[PDB]
Structure formats: structure tokens, C-alpha cells
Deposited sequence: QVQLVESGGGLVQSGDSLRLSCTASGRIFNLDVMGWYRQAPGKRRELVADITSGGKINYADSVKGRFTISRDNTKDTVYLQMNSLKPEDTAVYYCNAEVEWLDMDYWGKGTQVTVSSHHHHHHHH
């Protein structure tokens, strides 16, 4: 589950911006859960992964700009995109994983524009 928090981006942020993702249909312990983009382009790229309280890992061209967090009683991963400039235009996808079983969960429905 993701929610569309969109207007058009800022319509060229204002002062800030945040996304949220949340999982209520779950069985196994979601180990790594994060976000991915697409330009729209030939790929779906990584943004920021959190590993159940540690090992936050941002994007190798975007690191040092965003923030990511997580709650645990509610399986919610957050992404705050401060200092945002257009090339963040992408339909974003929340992602979740269980490692030993190798099951990957993808949400749908969020888009940012400028």
C-alpha cells in the first residue's frame, strides 16, 4: 500500500515533501523495505532502503539529499524529499522483501511531477 500524495509536484518544494508506504497484509518479517523510481525510462532504480532499524542506503547518485525511516508496530516506511528538483519526476513504488524465502512485495499508485 502507498498513498498518492501528489498535486503536480509544486507546479513549477514549497517547504518540504514526504511519502508514506504501509503494509497490512503480511505474514513474514519484512526485512528490507524501501522505494524505487522510473524516469519514465528503461529502468526501475533504487532510492533508499532500510533494513529493520539500520543500514539505511541511499541512491548512489542521490545520496545525502533525502531521508528514510520506519515504524515497526505499523509496517510503515517513510521518505521525505527535501531540496527537490525536477529530475525526481517518477512514479514511485514502495518495496518490501523477506530474504530467506525470497518474496518481494510491490505497491502501486504514487507519482511526483516537478
Can you give me the gaps, meaning deposited-sequence stretches with no C-alpha coordinates, in sequence order? 13, 116-125
